[PDB]
$ cat target_18.cif   # mmCIF, N, CA and C atoms
data_final
#
loop_
_atom_site.label_atom_id
_atom_site.label_comp_id
_atom_site.auth_asym_id
_atom_site.auth_seq_id
_atom_site.Cartn_x
_atom_site.Cartn_y
_atom_site.Cartn_z
N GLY F 1 213.86 90.45 -48.24
CA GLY F 1 214.77 91.13 -49.16
C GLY F 1 215.76 90.17 -49.81
N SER F 2 215.90 90.37 -51.14
CA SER F 2 216.81 89.52 -51.88
C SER F 2 218.07 90.31 -52.23
N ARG F 3 218.82 89.70 -53.17
CA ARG F 3 220.05 90.34 -53.59
C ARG F 3 219.87 90.93 -54.99
N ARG F 4 219.76 92.27 -54.97
CA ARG F 4 219.58 92.97 -56.24
C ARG F 4 219.66 94.48 -56.00
N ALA F 5 220.39 95.12 -56.92
CA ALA F 5 220.55 96.56 -56.81
C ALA F 5 219.29 97.27 -57.31
N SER F 6 219.36 97.64 -58.60
CA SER F 6 218.22 98.33 -59.18
C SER F 6 217.29 97.32 -59.84
N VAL F 7 216.52 97.86 -60.80
CA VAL F 7 215.58 97.01 -61.52
C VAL F 7 216.26 95.70 -61.89
N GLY F 8 215.38 94.72 -62.19
CA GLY F 8 215.90 93.42 -62.56
C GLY F 8 215.25 92.91 -63.85
N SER F 9 215.22 93.84 -64.82
CA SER F 9 214.64 93.48 -66.10
C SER F 9 213.15 93.16 -65.92
N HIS F 10 212.38 93.73 -66.86
CA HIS F 10 210.94 93.51 -66.81
C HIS F 10 210.53 92.60 -67.97
N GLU F 11 210.09 91.40 -67.56
CA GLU F 11 209.67 90.43 -68.54
C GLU F 11 208.49 90.98 -69.35
N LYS F 12 207.40 91.18 -68.59
CA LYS F 12 206.18 91.69 -69.20
C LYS F 12 206.52 92.70 -70.30
N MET F 13 206.47 92.16 -71.53
CA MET F 13 206.76 92.99 -72.70
C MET F 13 207.23 92.08 -73.84
N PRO F 14 207.00 92.57 -75.07
CA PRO F 14 207.37 91.86 -76.28
C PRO F 14 208.84 92.09 -76.59
N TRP F 15 209.06 93.37 -76.94
CA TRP F 15 210.41 93.79 -77.29
C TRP F 15 211.35 93.76 -76.07
N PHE F 16 210.84 93.13 -74.99
CA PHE F 16 211.67 93.04 -73.80
C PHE F 16 211.62 91.62 -73.26
N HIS F 17 212.53 90.82 -73.82
CA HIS F 17 212.62 89.46 -73.36
C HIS F 17 213.98 89.28 -72.69
N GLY F 18 213.89 89.09 -71.38
CA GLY F 18 215.11 88.92 -70.61
C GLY F 18 215.52 87.45 -70.53
N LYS F 19 215.21 86.76 -71.65
CA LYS F 19 215.55 85.35 -71.72
C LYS F 19 216.29 85.07 -73.03
N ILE F 20 215.75 85.70 -74.09
CA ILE F 20 216.37 85.52 -75.40
C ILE F 20 217.89 85.56 -75.26
N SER F 21 218.53 85.08 -76.33
CA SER F 21 219.99 85.06 -76.32
C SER F 21 220.52 86.42 -76.77
N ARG F 22 220.34 86.60 -78.07
CA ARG F 22 220.79 87.82 -78.72
C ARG F 22 220.53 87.65 -80.22
N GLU F 23 220.85 86.41 -80.63
CA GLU F 23 220.63 86.02 -81.99
C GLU F 23 219.14 85.76 -82.16
N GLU F 24 218.67 85.02 -81.15
CA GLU F 24 217.26 84.67 -81.12
C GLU F 24 216.40 85.92 -81.39
N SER F 25 216.89 87.03 -80.82
CA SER F 25 216.16 88.29 -80.99
C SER F 25 216.47 88.93 -82.35
N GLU F 26 217.65 88.55 -82.88
CA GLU F 26 218.06 89.10 -84.15
C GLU F 26 217.47 88.29 -85.32
N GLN F 27 217.02 87.07 -84.97
CA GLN F 27 216.42 86.23 -86.00
C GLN F 27 214.96 86.65 -86.09
N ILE F 28 214.50 87.17 -84.94
CA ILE F 28 213.17 87.66 -84.89
C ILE F 28 213.08 88.90 -85.76
N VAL F 29 214.16 89.69 -85.64
CA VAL F 29 214.23 90.88 -86.46
C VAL F 29 214.25 90.47 -87.92
N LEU F 30 214.80 89.27 -88.12
CA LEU F 30 214.87 88.75 -89.44
C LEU F 30 213.45 88.65 -89.99
N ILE F 31 212.57 88.30 -89.04
CA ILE F 31 211.19 88.14 -89.39
C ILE F 31 210.64 89.47 -89.84
N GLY F 32 210.62 90.33 -88.83
CA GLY F 32 210.06 91.64 -89.04
C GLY F 32 211.11 92.66 -89.47
N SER F 33 210.68 93.93 -89.30
CA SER F 33 211.57 95.02 -89.67
C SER F 33 211.65 95.11 -91.18
N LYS F 34 211.29 96.32 -91.63
CA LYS F 34 211.29 96.58 -93.06
C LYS F 34 211.55 98.05 -93.30
N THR F 35 210.82 98.81 -92.47
CA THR F 35 210.88 100.24 -92.58
C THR F 35 212.06 100.83 -91.80
N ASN F 36 212.83 99.90 -91.25
CA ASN F 36 214.00 100.28 -90.49
C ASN F 36 213.57 101.02 -89.22
N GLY F 37 212.74 100.29 -88.46
CA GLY F 37 212.26 100.86 -87.21
C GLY F 37 211.95 99.79 -86.16
N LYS F 38 212.32 98.54 -86.49
CA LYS F 38 212.06 97.49 -85.53
C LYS F 38 213.23 97.41 -84.57
N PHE F 39 212.87 96.99 -83.35
CA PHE F 39 213.92 96.89 -82.35
C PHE F 39 213.49 96.00 -81.19
N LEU F 40 214.48 95.81 -80.31
CA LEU F 40 214.22 95.02 -79.13
C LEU F 40 215.35 95.23 -78.12
N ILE F 41 214.91 95.25 -76.86
CA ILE F 41 215.88 95.43 -75.80
C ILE F 41 216.00 94.13 -75.01
N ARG F 42 217.25 93.88 -74.60
CA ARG F 42 217.49 92.66 -73.84
C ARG F 42 218.39 92.95 -72.65
N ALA F 43 218.25 92.04 -71.67
CA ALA F 43 219.05 92.17 -70.46
C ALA F 43 219.82 90.87 -70.24
N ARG F 44 220.55 90.86 -69.11
CA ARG F 44 221.33 89.68 -68.81
C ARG F 44 221.68 89.66 -67.32
N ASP F 45 221.85 88.41 -66.84
CA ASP F 45 222.18 88.24 -65.44
C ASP F 45 223.59 87.65 -65.31
N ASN F 46 224.55 88.58 -65.42
CA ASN F 46 225.94 88.16 -65.33
C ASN F 46 226.76 89.25 -64.64
N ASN F 47 226.49 90.48 -65.11
CA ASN F 47 227.20 91.61 -64.55
C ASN F 47 226.56 92.91 -65.04
N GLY F 48 225.22 92.90 -64.95
CA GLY F 48 224.48 94.07 -65.39
C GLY F 48 224.94 94.51 -66.78
N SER F 49 224.16 94.04 -67.77
CA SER F 49 224.50 94.39 -69.14
C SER F 49 223.25 94.30 -70.02
N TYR F 50 222.99 95.45 -70.66
CA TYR F 50 221.84 95.51 -71.54
C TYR F 50 222.29 96.04 -72.90
N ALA F 51 221.48 95.72 -73.92
CA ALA F 51 221.83 96.19 -75.25
C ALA F 51 220.59 96.23 -76.14
N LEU F 52 220.49 97.39 -76.82
CA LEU F 52 219.37 97.58 -77.72
C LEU F 52 219.72 96.98 -79.08
N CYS F 53 218.69 96.35 -79.67
CA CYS F 53 218.92 95.73 -80.97
C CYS F 53 217.80 96.10 -81.94
N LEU F 54 218.23 96.85 -82.97
CA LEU F 54 217.27 97.23 -83.99
C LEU F 54 217.88 96.91 -85.35
N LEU F 55 216.98 96.86 -86.35
CA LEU F 55 217.48 96.50 -87.67
C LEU F 55 217.42 97.68 -88.63
N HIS F 56 218.53 97.76 -89.40
CA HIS F 56 218.62 98.81 -90.39
C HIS F 56 218.48 98.15 -91.76
N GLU F 57 217.32 97.47 -91.88
CA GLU F 57 217.03 96.77 -93.10
C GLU F 57 218.16 95.79 -93.38
N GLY F 58 217.76 94.54 -93.23
CA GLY F 58 218.67 93.44 -93.44
C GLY F 58 220.02 93.60 -92.71
N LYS F 59 220.05 94.60 -91.81
CA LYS F 59 221.27 94.81 -91.07
C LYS F 59 220.92 95.03 -89.61
N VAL F 60 220.83 93.89 -88.94
CA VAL F 60 220.48 93.95 -87.54
C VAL F 60 221.65 94.56 -86.77
N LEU F 61 221.24 95.35 -85.79
CA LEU F 61 222.23 96.01 -84.98
C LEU F 61 221.98 95.79 -83.51
N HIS F 62 223.06 96.13 -82.81
CA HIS F 62 223.03 96.00 -81.37
C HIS F 62 223.80 97.18 -80.77
N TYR F 63 223.30 97.63 -79.61
CA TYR F 63 223.95 98.74 -78.97
C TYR F 63 224.09 98.43 -77.48
N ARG F 64 225.35 98.50 -77.02
CA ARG F 64 225.57 98.23 -75.62
C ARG F 64 224.97 99.37 -74.80
N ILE F 65 224.38 98.96 -73.67
CA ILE F 65 223.76 99.96 -72.81
C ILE F 65 223.91 99.58 -71.35
N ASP F 66 224.60 100.49 -70.63
CA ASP F 66 224.78 100.25 -69.22
C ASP F 66 224.88 101.58 -68.48
N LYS F 67 224.98 101.40 -67.16
CA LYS F 67 225.08 102.55 -66.30
C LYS F 67 226.48 102.64 -65.70
N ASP F 68 226.57 103.54 -64.71
CA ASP F 68 227.85 103.71 -64.05
C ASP F 68 227.74 103.09 -62.66
N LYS F 69 227.25 101.84 -62.69
CA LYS F 69 227.06 101.13 -61.43
C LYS F 69 226.32 102.04 -60.44
N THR F 70 225.51 102.91 -61.05
CA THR F 70 224.71 103.82 -60.28
C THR F 70 223.24 103.45 -60.43
N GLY F 71 222.96 102.88 -61.62
CA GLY F 71 221.60 102.51 -61.91
C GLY F 71 221.07 103.18 -63.18
N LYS F 72 221.75 104.29 -63.52
CA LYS F 72 221.33 105.03 -64.71
C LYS F 72 221.86 104.34 -65.96
N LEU F 73 220.90 103.77 -66.70
CA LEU F 73 221.28 103.09 -67.92
C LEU F 73 221.54 104.15 -68.98
N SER F 74 222.72 104.01 -69.59
CA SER F 74 223.09 105.00 -70.59
C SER F 74 223.78 104.35 -71.78
N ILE F 75 224.31 105.26 -72.61
CA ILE F 75 225.01 104.82 -73.80
C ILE F 75 226.11 105.83 -74.13
N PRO F 76 227.27 105.29 -74.55
CA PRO F 76 228.41 106.10 -74.93
C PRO F 76 228.02 107.13 -75.98
N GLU F 77 227.71 106.57 -77.17
CA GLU F 77 227.31 107.43 -78.27
C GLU F 77 225.81 107.76 -78.15
N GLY F 78 225.07 106.74 -77.67
CA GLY F 78 223.63 106.91 -77.51
C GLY F 78 223.32 108.14 -76.65
N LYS F 79 222.64 107.84 -75.52
CA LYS F 79 222.29 108.90 -74.61
C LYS F 79 222.48 108.42 -73.17
N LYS F 80 221.49 108.83 -72.37
CA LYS F 80 221.50 108.46 -70.96
C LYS F 80 220.05 108.39 -70.46
N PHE F 81 219.84 107.43 -69.53
CA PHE F 81 218.51 107.28 -69.02
C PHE F 81 218.53 106.66 -67.62
N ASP F 82 217.31 106.65 -67.05
CA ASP F 82 217.15 106.09 -65.72
C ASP F 82 216.96 104.58 -65.82
N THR F 83 216.08 104.21 -66.78
CA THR F 83 215.82 102.81 -66.97
C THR F 83 215.53 102.58 -68.44
N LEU F 84 215.52 101.29 -68.78
CA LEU F 84 215.26 100.93 -70.14
C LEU F 84 213.87 101.35 -70.60
N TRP F 85 213.15 101.94 -69.65
CA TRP F 85 211.81 102.39 -69.97
C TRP F 85 211.86 103.78 -70.57
N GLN F 86 212.89 104.49 -70.11
CA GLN F 86 213.04 105.84 -70.59
C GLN F 86 213.91 105.82 -71.83
N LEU F 87 214.95 105.02 -71.73
CA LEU F 87 215.82 104.94 -72.88
C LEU F 87 215.06 104.34 -74.07
N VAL F 88 214.07 103.50 -73.73
CA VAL F 88 213.32 102.88 -74.78
C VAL F 88 212.25 103.82 -75.28
N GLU F 89 211.52 104.36 -74.30
CA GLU F 89 210.44 105.24 -74.71
C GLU F 89 211.00 106.44 -75.44
N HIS F 90 212.08 106.94 -74.85
CA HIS F 90 212.69 108.10 -75.47
C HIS F 90 213.04 107.77 -76.90
N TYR F 91 213.84 106.72 -76.97
CA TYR F 91 214.27 106.28 -78.28
C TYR F 91 213.05 105.88 -79.11
N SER F 92 211.96 105.54 -78.39
CA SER F 92 210.75 105.20 -79.11
C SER F 92 210.30 106.42 -79.93
N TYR F 93 210.95 107.54 -79.57
CA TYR F 93 210.65 108.79 -80.22
C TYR F 93 211.55 108.93 -81.42
N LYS F 94 212.84 108.93 -81.06
CA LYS F 94 213.87 109.05 -82.04
C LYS F 94 214.94 108.00 -81.85
N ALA F 95 215.90 108.17 -82.75
CA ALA F 95 217.06 107.30 -82.72
C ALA F 95 218.02 107.82 -81.64
N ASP F 96 218.15 109.16 -81.65
CA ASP F 96 219.03 109.79 -80.66
C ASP F 96 220.50 109.53 -80.98
N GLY F 97 220.65 108.64 -81.95
CA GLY F 97 221.99 108.27 -82.38
C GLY F 97 222.01 106.91 -83.09
N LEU F 98 220.95 106.14 -82.81
CA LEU F 98 220.86 104.83 -83.41
C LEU F 98 221.03 104.96 -84.91
N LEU F 99 220.75 103.83 -85.57
CA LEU F 99 220.80 103.84 -87.01
C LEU F 99 219.54 104.54 -87.52
N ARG F 100 218.44 104.18 -86.82
CA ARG F 100 217.16 104.77 -87.13
C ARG F 100 216.27 104.67 -85.89
N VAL F 101 215.31 105.60 -85.84
CA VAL F 101 214.40 105.61 -84.73
C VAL F 101 213.79 104.22 -84.55
N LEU F 102 213.01 104.14 -83.47
CA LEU F 102 212.30 102.91 -83.19
C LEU F 102 210.85 103.11 -83.60
N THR F 103 210.25 101.96 -83.90
CA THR F 103 208.88 102.00 -84.33
C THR F 103 208.15 100.69 -83.99
N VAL F 104 208.93 99.60 -84.10
CA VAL F 104 208.32 98.29 -83.85
C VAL F 104 209.18 97.41 -82.94
N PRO F 105 208.46 96.60 -82.11
CA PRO F 105 209.09 95.61 -81.24
C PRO F 105 209.50 94.39 -82.08
N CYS F 106 210.65 93.82 -81.70
CA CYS F 106 211.13 92.70 -82.50
C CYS F 106 210.43 91.40 -82.14
N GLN F 107 210.54 91.08 -80.84
CA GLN F 107 209.98 89.85 -80.37
C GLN F 107 208.69 89.52 -81.07
N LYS F 108 208.42 88.24 -80.91
CA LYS F 108 207.26 87.66 -81.50
C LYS F 108 205.99 87.99 -80.75
N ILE F 109 204.92 87.46 -81.37
CA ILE F 109 203.61 87.67 -80.81
C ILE F 109 202.98 86.33 -80.44
N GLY F 110 202.66 85.60 -81.52
CA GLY F 110 202.05 84.30 -81.32
C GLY F 110 202.90 83.20 -81.95
N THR F 111 202.19 82.08 -82.20
CA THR F 111 202.86 80.95 -82.79
C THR F 111 202.81 81.07 -84.32
N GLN F 112 201.67 80.62 -84.85
CA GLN F 112 201.48 80.68 -86.28
C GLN F 112 200.77 81.98 -86.66
N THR O 1 229.74 93.10 -80.37
CA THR O 1 228.80 93.31 -81.45
C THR O 1 227.87 94.47 -81.09
N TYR O 2 228.39 95.67 -81.36
CA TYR O 2 227.59 96.83 -81.05
C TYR O 2 227.85 97.96 -82.02
N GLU O 3 226.77 98.25 -82.75
CA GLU O 3 226.86 99.34 -83.71
C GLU O 3 227.30 100.57 -82.94
N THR O 4 227.33 101.69 -83.67
CA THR O 4 227.72 102.90 -83.00
C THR O 4 226.55 103.86 -82.94
N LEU O 5 226.08 103.93 -81.69
CA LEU O 5 224.95 104.76 -81.39
C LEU O 5 225.35 106.24 -81.42
#
$ encode --input "target_18.cif" --output "structure tokens"
Amino acid sequence: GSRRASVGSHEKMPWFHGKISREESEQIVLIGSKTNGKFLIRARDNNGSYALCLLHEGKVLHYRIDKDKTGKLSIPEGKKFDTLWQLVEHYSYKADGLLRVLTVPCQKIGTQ
Amino acid sequence: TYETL
């Protein structure tokens, strides 16, 4: 057993890079996103902090997302969820409050 | 840096 409360970010995924900085992911959005549906979720290892980042056409956004030190990842204006899997999938449905629903992952795919 | 959800 190690030291960790709940989930510890899931690498396996495009729009889920628990390494990117924040800009790095927003520059990626620079790449893609047109229909105002691209997004990406990121995590951090400092004090449990996640934030969704989607672009509203040439206007990349970010949304803070955390829990109540309970494990339930939520959002003030956004919503509430168990994990970034639900908050993402859910939001994968709608915006729920975002600028616009989600439709595409930000992160990259290949090289060239 | 967080829009308003």
$ resolve_selection --input "target_18.cif" --expression "the PyMOL selection byres ((chain F and resi 96) around 6.5)" --output "list in words"
residues 77, 78, 79, 91, 94, 95, 97, 98, 100 and 101 of chain F; 5 of chain O
$ resolve_selection --input "target_18.cif" --expression "the PyMOL selection byres ((chain F and resi 71) around 7)" --output "list in words"
residues 6, 7, 66, 67, 68, 69, 70, 72, 73, 74, 81, 82 and 83 of chain F
$ resolve_selection --input "target_18.cif" --expression "the PyMOL selection byres ((chain F and resi 37-52) around 7)" --output "JSON, numbers by chain"
{"F": [9, 14, 15, 16, 17, 18, 19, 29, 32, 33, 34, 35, 36, 53, 54, 55, 56, 57, 61, 62, 63, 64, 65, 66, 67, 100, 101, 102, 103, 104, 105, 106, 107]}
$ atom_distance --input "target_18.cif" --atom1 "atom C of residue 4 in chain O" --atom2 "atom C of residue 76 in chain F"
7.8 Å
$ select_by_dssp --input "target_18.cif" --residues "chain F" --states "strand (DSSP E)" --output "JSON, numbers by chain"
{"F": [38, 39, 40, 41, 42, 50, 51, 52, 53, 54, 63, 64, 65, 104, 105]}
$ write_last_selection --input "target_18.cif" --atoms "N, CA and C atoms" --output "PDB file, keeping the file's coordinate frame"
ATOM      1  N   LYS F  38     212.320  98.540 -86.490  1.00  0.00           N
ATOM      2  CA  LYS F  38     212.060  97.490 -85.530  1.00  0.00           C
ATOM      3  C   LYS F  38     213.230  97.410 -84.570  1.00  0.00           C
ATOM      4  N   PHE F  39     212.870  96.990 -83.350  1.00  0.00           N
ATOM      5  CA  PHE F  39     213.920  96.890 -82.350  1.00  0.00           C
ATOM      6  C   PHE F  39     213.490  96.000 -81.190  1.00  0.00           C
ATOM      7  N   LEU F  40     214.480  95.810 -80.310  1.00  0.00           N
ATOM      8  CA  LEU F  40     214.220  95.020 -79.130  1.00  0.00           C
ATOM      9  C   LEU F  40     215.350  95.230 -78.120  1.00  0.00           C
ATOM     10  N   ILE F  41     214.910  95.250 -76.860  1.00  0.00           N
ATOM     11  CA  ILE F  41     215.880  95.430 -75.800  1.00  0.00           C
ATOM     12  C   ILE F  41     216.000  94.130 -75.010  1.00  0.00           C
ATOM     13  N   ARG F  42     217.250  93.880 -74.600  1.00  0.00           N
ATOM     14  CA  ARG F  42     217.490  92.660 -73.840  1.00  0.00           C
ATOM     15  C   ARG F  42     218.390  92.950 -72.650  1.00  0.00           C
ATOM     16  N   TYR F  50     222.990  95.450 -70.660  1.00  0.00           N
ATOM     17  CA  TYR F  50     221.840  95.510 -71.540  1.00  0.00           C
ATOM     18  C   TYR F  50     222.290  96.040 -72.900  1.00  0.00           C
ATOM     19  N   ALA F  51     221.480  95.720 -73.920  1.00  0.00           N
ATOM     20  CA  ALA F  51     221.830  96.190 -75.250  1.00  0.00           C
ATOM     21  C   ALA F  51     220.590  96.230 -76.140  1.00  0.00           C
ATOM     22  N   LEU F  52     220.490  97.390 -76.820  1.00  0.00           N
ATOM     23  CA  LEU F  52     219.370  97.580 -77.720  1.00  0.00           C
ATOM     24  C   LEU F  52     219.720  96.980 -79.080  1.00  0.00           C
ATOM     25  N   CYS F  53     218.690  96.350 -79.670  1.00  0.00           N
ATOM     26  CA  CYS F  53     218.920  95.730 -80.970  1.00  0.00           C
ATOM     27  C   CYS F  53     217.800  96.100 -81.940  1.00  0.00           C
ATOM     28  N   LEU F  54     218.230  96.850 -82.970  1.00  0.00           N
ATOM     29  CA  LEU F  54     217.270  97.230 -83.990  1.00  0.00           C
ATOM     30  C   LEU F  54     217.880  96.910 -85.350  1.00  0.00           C
ATOM     31  N   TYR F  63     223.300  97.630 -79.610  1.00  0.00           N
ATOM     32  CA  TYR F  63     223.950  98.740 -78.970  1.00  0.00           C
ATOM     33  C   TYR F  63     224.090  98.430 -77.480  1.00  0.00           C
ATOM     34  N   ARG F  64     225.350  98.500 -77.020  1.00  0.00           N
ATOM     35  CA  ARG F  64     225.570  98.230 -75.620  1.00  0.00           C
ATOM     36  C   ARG F  64     224.970  99.370 -74.800  1.00  0.00           C
ATOM     37  N   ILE F  65     224.380  98.960 -73.670  1.00  0.00           N
ATOM     38  CA  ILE F  65     223.760  99.960 -72.810  1.00  0.00           C
ATOM     39  C   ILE F  65     223.910  99.580 -71.350  1.00  0.00           C
ATOM     40  N   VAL F 104     208.930  99.600 -84.100  1.00  0.00           N
ATOM     41  CA  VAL F 104     208.320  98.290 -83.850  1.00  0.00           C
ATOM     42  C   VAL F 104     209.180  97.410 -82.940  1.00  0.00           C
ATOM     43  N   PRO F 105     208.460  96.600 -82.110  1.00  0.00           N
ATOM     44  CA  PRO F 105     209.090  95.610 -81.240  1.00  0.00           C
ATOM     45  C   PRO F 105     209.500  94.390 -82.080  1.00  0.00           C
TER      46      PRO F 105
END
$ select_by_dssp --input "target_18.cif" --residues "chain F" --states "helix (DSSP H, G or I)" --output "ChimeraX atom specification"
/F:23-31,84-91
$ atom_distance --input "target_18.cif" --atom1 "atom C of residue 89 in chain F" --atom2 "atom N of residue 112 in chain F"
29.0 Å
$ closest_residue --input "target_18.cif" --among "F:109, F:88, F:20, F:60" --to "residue 3 in chain O" --atoms "all atoms listed in the file"
F:60
$ closest_residue --input "target_18.cif" --among "F:99, F:10, F:84, F:3" --to "chain O" --atoms "only N, CA and C atoms"
F:99
$ atom_distance --input "target_18.cif" --atom1 "CA of residue 30 in chain F" --atom2 "atom N of residue 12 in chain F"
22.3 Å
$ closest_residue --input "target_18.cif" --among "F:59, F:24, F:108, F:31" --to "chain O" --atoms "only C-alpha atoms"
F:59
$ axis_aligned_box --input "target_18.cif" --around "chain O" --padding-each-side "6 Å" --output "AutoDock Vina command-line options"
--center_x 227.3 --center_y 99.7 --center_z -82.0 --size_x 16.8 --size_y 25.1 --size_z 15.3
